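Below: run.pdb (PDB, C-alpha atoms)
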```
ATOM      1  CA  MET A   1     -42.554 251.742 143.501  1.00  0.00           C
ATOM      2  CA  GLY A   2     -44.686 254.195 141.510  1.00  0.00           C
ATOM      3  CA  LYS A   3     -47.832 253.955 139.348  1.00  0.00           C
ATOM      4  CA  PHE A   4     -50.064 254.977 142.277  1.00  0.00           C
ATOM      5  CA  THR A   5     -48.415 258.411 142.559  1.00  0.00           C
ATOM      6  CA  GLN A   6     -48.755 259.057 138.812  1.00  0.00           C
ATOM      7  CA  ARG A   7     -52.162 257.328 138.438  1.00  0.00           C
ATOM      8  CA  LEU A   8     -52.472 258.552 134.828  1.00  0.00           C
ATOM      9  CA  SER A   9     -53.795 255.415 133.089  1.00  0.00           C
ATOM     10  CA  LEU A  10     -50.220 254.192 132.578  1.00  0.00           C
ATOM     11  CA  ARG A  11     -46.650 255.455 133.057  1.00  0.00           C
ATOM     12  CA  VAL A  12     -44.269 252.958 134.702  1.00  0.00           C
ATOM     13  CA  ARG A  13     -43.036 249.619 133.297  1.00  0.00           C
ATOM     14  CA  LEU A  14     -42.509 245.984 134.408  1.00  0.00           C
ATOM     15  CA  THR A  15     -44.697 246.541 137.490  1.00  0.00           C
ATOM     16  CA  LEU A  16     -47.756 247.465 135.412  1.00  0.00           C
ATOM     17  CA  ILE A  17     -47.297 244.289 133.329  1.00  0.00           C
ATOM     18  CA  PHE A  18     -47.272 242.090 136.447  1.00  0.00           C
ATOM     19  CA  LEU A  19     -50.203 244.047 137.912  1.00  0.00           C
ATOM     20  CA  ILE A  20     -52.226 243.688 134.701  1.00  0.00           C
ATOM     21  CA  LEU A  21     -51.173 240.020 134.389  1.00  0.00           C
ATOM     22  CA  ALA A  22     -52.585 239.311 137.866  1.00  0.00           C
ATOM     23  CA  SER A  23     -55.631 241.463 137.055  1.00  0.00           C
ATOM     24  CA  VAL A  24     -56.192 239.400 133.891  1.00  0.00           C
ATOM     25  CA  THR A  25     -55.892 236.108 135.789  1.00  0.00           C
ATOM     26  CA  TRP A  26     -58.338 237.367 138.436  1.00  0.00           C
ATOM     27  CA  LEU A  27     -60.629 238.774 135.719  1.00  0.00           C
ATOM     28  CA  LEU A  28     -60.533 235.427 133.885  1.00  0.00           C
ATOM     29  CA  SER A  29     -61.496 233.658 137.125  1.00  0.00           C
ATOM     30  CA  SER A  30     -64.358 236.118 137.712  1.00  0.00           C
ATOM     31  CA  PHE A  31     -65.409 235.622 134.081  1.00  0.00           C
ATOM     32  CA  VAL A  32     -65.313 231.813 134.429  1.00  0.00           C
ATOM     33  CA  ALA A  33     -67.464 232.113 137.568  1.00  0.00           C
ATOM     34  CA  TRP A  34     -69.827 234.517 135.755  1.00  0.00           C
ATOM     35  CA  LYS A  35     -71.865 231.761 134.073  1.00  0.00           C
ATOM     36  CA  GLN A  36     -74.675 232.778 131.697  1.00  0.00           C
ATOM     37  CA  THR A  37     -77.985 230.995 131.030  1.00  0.00           C
ATOM     38  CA  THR A  38     -81.180 232.118 129.262  1.00  0.00           C
ATOM     39  CA  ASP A  39     -82.029 235.648 128.056  1.00  0.00           C
ATOM     40  CA  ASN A  40     -79.438 238.238 126.928  1.00  0.00           C
ATOM     41  CA  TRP A 150     -61.205 222.056 140.535  1.00  0.00           C
ATOM     42  CA  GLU A 151     -62.630 222.537 137.026  1.00  0.00           C
ATOM     43  CA  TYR A 152     -60.785 223.822 133.931  1.00  0.00           C
ATOM     44  CA  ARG A 153     -62.773 222.906 130.806  1.00  0.00           C
ATOM     45  CA  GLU A 154     -66.559 222.824 131.246  1.00  0.00           C
ATOM     46  CA  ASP A 155     -68.748 221.171 128.579  1.00  0.00           C
ATOM     47  CA  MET A 156     -69.551 224.030 126.175  1.00  0.00           C
ATOM     48  CA  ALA A 157     -69.923 224.482 122.403  1.00  0.00           C
ATOM     49  CA  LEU A 158     -69.052 228.061 121.365  1.00  0.00           C
ATOM     50  CA  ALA A 159     -69.261 230.181 124.542  1.00  0.00           C
ATOM     51  CA  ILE A 160     -66.269 229.491 126.832  1.00  0.00           C
ATOM     52  CA  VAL A 161     -63.919 230.384 123.958  1.00  0.00           C
ATOM     53  CA  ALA A 162     -65.754 233.683 123.382  1.00  0.00           C
ATOM     54  CA  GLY A 163     -65.801 234.411 127.122  1.00  0.00           C
ATOM     55  CA  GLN A 164     -62.052 233.821 127.322  1.00  0.00           C
ATOM     56  CA  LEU A 165     -61.443 235.661 124.023  1.00  0.00           C
ATOM     57  CA  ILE A 166     -63.355 238.846 124.989  1.00  0.00           C
ATOM     58  CA  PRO A 167     -60.944 239.767 127.872  1.00  0.00           C
ATOM     59  CA  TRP A 168     -57.957 238.403 125.906  1.00  0.00           C
ATOM     60  CA  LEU A 169     -58.609 240.586 122.841  1.00  0.00           C
ATOM     61  CA  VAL A 170     -58.868 243.610 125.154  1.00  0.00           C
ATOM     62  CA  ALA A 171     -55.993 242.567 127.464  1.00  0.00           C
ATOM     63  CA  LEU A 172     -53.533 241.968 124.587  1.00  0.00           C
ATOM     64  CA  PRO A 173     -53.517 245.678 123.524  1.00  0.00           C
ATOM     65  CA  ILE A 174     -53.605 246.718 127.201  1.00  0.00           C
ATOM     66  CA  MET A 175     -50.278 244.903 127.687  1.00  0.00           C
ATOM     67  CA  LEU A 176     -48.802 246.544 124.568  1.00  0.00           C
ATOM     68  CA  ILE A 177     -50.042 249.936 125.796  1.00  0.00           C
ATOM     69  CA  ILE A 178     -48.639 249.210 129.275  1.00  0.00           C
ATOM     70  CA  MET A 179     -45.168 248.633 127.805  1.00  0.00           C
ATOM     71  CA  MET A 180     -45.494 251.373 125.146  1.00  0.00           C
ATOM     72  CA  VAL A 181     -46.536 254.041 127.696  1.00  0.00           C
ATOM     73  CA  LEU A 182     -42.993 253.867 129.129  1.00  0.00           C
ATOM     74  CA  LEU A 183     -41.632 255.041 125.747  1.00  0.00           C
ATOM     75  CA  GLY A 184     -43.887 258.109 125.787  1.00  0.00           C
ATOM     76  CA  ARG A 185     -47.113 257.119 124.047  1.00  0.00           C
ATOM     77  CA  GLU A 186     -48.855 254.032 122.661  1.00  0.00           C
TER      78      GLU A 186
END
```
Please re-express this file's structure in structure tokens.
Amino acid sequence: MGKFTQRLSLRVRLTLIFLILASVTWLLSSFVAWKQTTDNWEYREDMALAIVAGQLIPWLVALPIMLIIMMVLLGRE
């Protein structure tokens, strides 16, 4: 497998998607754990308009990342 040899943001395909997918899942978990309060099994914790934003933030950024991951293989995203 490659990616590590190239280490230029992105280059390979299929592997990077899985890697990022796992990274996103882990990130989401870390985010869920990263609870905020004051100043500036579980699954669905009682919250008004925060959990959605927390989940959305990484999603909005991850979405393009995935596209870029796949696009990089073509030549450029």
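The space between CA of residue 163 in chain A and CA of residue 26 in chain A spans 13.9 Å.
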Report the distance between CA of residue 13 in chain A and CA of residue 179 in chain A in Å, rounded to one decimal place.
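Answer for the CA of residue 13 in chain A to CA of residue 179 in chain A separation: 6.0 Å.
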Report as a list in words all protein, DNA and RNA residues lying within 12 Å of residue 23 in chain A, evaluated on only C-alpha atoms, omitting residues in the same chain fewer than 5 positions from it.
residues 16, 17, 18, 28, 29, 30, 31, 167, 168, 171, 174 and 175 of chain A
Point-to-point distance in Å for CA of residue 172 in chain A and CA of residue 27 in chain A
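CA of residue 172 in chain A lies 13.6 Å from CA of residue 27 in chain A.
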Counting all atoms listed in the file, which of A:183, A:178, A:160, A:166 gets nearest to residue 15 in chain A?
A:178
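With only C-alpha atoms as the basis for measurement, A:24 is the residue among A:9, A:182, A:14, A:24 that approaches residue 170 in chain A most closely.
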Considering all atoms listed in the file, state which residue in the set A:10, A:162, A:151, A:35 is at the smallest distance from residue 176 in chain A.
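For residue 176 in chain A, the nearest of the given residues is A:10.
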Using all atoms listed in the file, pick whichever of A:161, A:4, A:185, A:34 has the shortest atom-to-atom distance to residue 19 in chain A.
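Residue with the minimum atom-to-atom distance to residue 19 in chain A: A:4.
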So, counting all atoms listed in the file, which residue among A:156, A:21, A:186, A:181 is closest to residue 8 in chain A?
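Under the stated criterion, the closest residue is A:181.
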Between A:12, A:159, A:177, A:1, which is the closest to residue 37 in chain A once you count all atoms listed in the file?
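Under the stated criterion, the closest residue is A:159.
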Reconstructed range 39-176 of chain A, atom set N, CA and C atoms, as a PDB file, in the coordinates of the input:
```
ATOM      1  N   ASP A  39     -81.951 234.199 128.274  1.00  0.00           N
ATOM      2  CA  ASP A  39     -82.029 235.648 128.056  1.00  0.00           C
ATOM      3  C   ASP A  39     -80.734 236.215 127.448  1.00  0.00           C
ATOM      4  N   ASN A  40     -80.607 237.546 127.478  1.00  0.00           N
ATOM      5  CA  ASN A  40     -79.438 238.238 126.928  1.00  0.00           C
ATOM      6  C   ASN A  40     -79.229 239.594 127.620  1.00  0.00           C
ATOM      7  N   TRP A 150     -62.319 221.240 141.030  1.00  0.00           N
ATOM      8  CA  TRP A 150     -61.205 222.056 140.535  1.00  0.00           C
ATOM      9  C   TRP A 150     -61.619 222.782 139.255  1.00  0.00           C
ATOM     10  N   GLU A 151     -62.156 222.010 138.305  1.00  0.00           N
ATOM     11  CA  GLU A 151     -62.630 222.537 137.026  1.00  0.00           C
ATOM     12  C   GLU A 151     -61.490 223.100 136.169  1.00  0.00           C
ATOM     13  N   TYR A 152     -61.777 223.304 134.881  1.00  0.00           N
ATOM     14  CA  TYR A 152     -60.785 223.822 133.931  1.00  0.00           C
ATOM     15  C   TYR A 152     -61.385 223.950 132.528  1.00  0.00           C
ATOM     16  N   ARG A 153     -62.132 222.925 132.118  1.00  0.00           N
ATOM     17  CA  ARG A 153     -62.773 222.906 130.806  1.00  0.00           C
ATOM     18  C   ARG A 153     -64.188 222.337 130.921  1.00  0.00           C
ATOM     19  N   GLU A 154     -65.161 223.225 131.099  1.00  0.00           N
ATOM     20  CA  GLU A 154     -66.559 222.824 131.246  1.00  0.00           C
ATOM     21  C   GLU A 154     -67.207 222.566 129.883  1.00  0.00           C
ATOM     22  N   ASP A 155     -68.060 221.540 129.820  1.00  0.00           N
ATOM     23  CA  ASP A 155     -68.748 221.171 128.579  1.00  0.00           C
ATOM     24  C   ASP A 155     -69.496 222.363 127.967  1.00  0.00           C
ATOM     25  N   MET A 156     -68.952 222.891 126.872  1.00  0.00           N
ATOM     26  CA  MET A 156     -69.551 224.030 126.175  1.00  0.00           C
ATOM     27  C   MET A 156     -69.215 223.987 124.683  1.00  0.00           C
ATOM     28  N   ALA A 157     -70.133 224.475 123.849  1.00  0.00           N
ATOM     29  CA  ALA A 157     -69.923 224.482 122.403  1.00  0.00           C
ATOM     30  C   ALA A 157     -69.093 225.693 121.957  1.00  0.00           C
ATOM     31  N   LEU A 158     -69.744 226.846 121.794  1.00  0.00           N
ATOM     32  CA  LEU A 158     -69.052 228.061 121.365  1.00  0.00           C
ATOM     33  C   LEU A 158     -69.373 229.247 122.283  1.00  0.00           C
ATOM     34  N   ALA A 159     -69.014 229.119 123.560  1.00  0.00           N
ATOM     35  CA  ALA A 159     -69.261 230.181 124.542  1.00  0.00           C
ATOM     36  C   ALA A 159     -68.028 230.443 125.414  1.00  0.00           C
ATOM     37  N   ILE A 160     -67.461 229.375 125.987  1.00  0.00           N
ATOM     38  CA  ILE A 160     -66.269 229.491 126.832  1.00  0.00           C
ATOM     39  C   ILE A 160     -65.129 230.175 126.072  1.00  0.00           C
ATOM     40  N   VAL A 161     -64.952 229.792 124.804  1.00  0.00           N
ATOM     41  CA  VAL A 161     -63.919 230.384 123.958  1.00  0.00           C
ATOM     42  C   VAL A 161     -64.146 231.889 123.821  1.00  0.00           C
ATOM     43  N   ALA A 162     -65.389 232.272 123.517  1.00  0.00           N
ATOM     44  CA  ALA A 162     -65.754 233.683 123.382  1.00  0.00           C
ATOM     45  C   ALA A 162     -65.518 234.425 124.700  1.00  0.00           C
ATOM     46  N   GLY A 163     -65.980 233.822 125.802  1.00  0.00           N
ATOM     47  CA  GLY A 163     -65.801 234.411 127.122  1.00  0.00           C
ATOM     48  C   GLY A 163     -64.341 234.666 127.427  1.00  0.00           C
ATOM     49  N   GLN A 164     -63.493 233.690 127.110  1.00  0.00           N
ATOM     50  CA  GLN A 164     -62.052 233.821 127.322  1.00  0.00           C
ATOM     51  C   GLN A 164     -61.449 234.824 126.331  1.00  0.00           C
ATOM     52  N   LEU A 165     -61.928 234.779 125.087  1.00  0.00           N
ATOM     53  CA  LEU A 165     -61.443 235.661 124.023  1.00  0.00           C
ATOM     54  C   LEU A 165     -61.730 237.137 124.310  1.00  0.00           C
ATOM     55  N   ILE A 166     -62.965 237.457 124.701  1.00  0.00           N
ATOM     56  CA  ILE A 166     -63.355 238.846 124.989  1.00  0.00           C
ATOM     57  C   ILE A 166     -62.278 239.595 125.794  1.00  0.00           C
ATOM     58  N   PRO A 167     -61.963 239.131 127.024  1.00  0.00           N
ATOM     59  CA  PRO A 167     -60.944 239.767 127.872  1.00  0.00           C
ATOM     60  C   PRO A 167     -59.539 239.672 127.277  1.00  0.00           C
ATOM     61  N   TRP A 168     -59.267 238.595 126.537  1.00  0.00           N
ATOM     62  CA  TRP A 168     -57.957 238.403 125.906  1.00  0.00           C
ATOM     63  C   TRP A 168     -57.712 239.462 124.826  1.00  0.00           C
ATOM     64  N   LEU A 169     -58.684 239.608 123.924  1.00  0.00           N
ATOM     65  CA  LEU A 169     -58.609 240.586 122.841  1.00  0.00           C
ATOM     66  C   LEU A 169     -58.368 241.989 123.393  1.00  0.00           C
ATOM     67  N   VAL A 170     -59.016 242.302 124.515  1.00  0.00           N
ATOM     68  CA  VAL A 170     -58.868 243.610 125.154  1.00  0.00           C
ATOM     69  C   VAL A 170     -57.563 243.693 125.958  1.00  0.00           C
ATOM     70  N   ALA A 171     -57.214 242.610 126.654  1.00  0.00           N
ATOM     71  CA  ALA A 171     -55.993 242.567 127.464  1.00  0.00           C
ATOM     72  C   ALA A 171     -54.733 242.696 126.605  1.00  0.00           C
ATOM     73  N   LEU A 172     -54.683 241.941 125.499  1.00  0.00           N
ATOM     74  CA  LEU A 172     -53.533 241.968 124.587  1.00  0.00           C
ATOM     75  C   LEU A 172     -53.039 243.400 124.346  1.00  0.00           C
ATOM     76  N   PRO A 173     -53.891 244.283 123.772  1.00  0.00           N
ATOM     77  CA  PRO A 173     -53.517 245.678 123.524  1.00  0.00           C
ATOM     78  C   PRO A 173     -53.144 246.393 124.820  1.00  0.00           C
ATOM     79  N   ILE A 174     -53.896 246.122 125.896  1.00  0.00           N
ATOM     80  CA  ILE A 174     -53.605 246.718 127.201  1.00  0.00           C
ATOM     81  C   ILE A 174     -52.136 246.497 127.564  1.00  0.00           C
ATOM     82  N   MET A 175     -51.669 245.254 127.401  1.00  0.00           N
ATOM     83  CA  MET A 175     -50.278 244.903 127.687  1.00  0.00           C
ATOM     84  C   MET A 175     -49.328 245.723 126.812  1.00  0.00           C
ATOM     85  N   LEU A 176     -49.617 245.771 125.506  1.00  0.00           N
ATOM     86  CA  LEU A 176     -48.802 246.544 124.568  1.00  0.00           C
ATOM     87  C   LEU A 176     -48.754 248.007 125.009  1.00  0.00           C
TER      88      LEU A 176
END
```
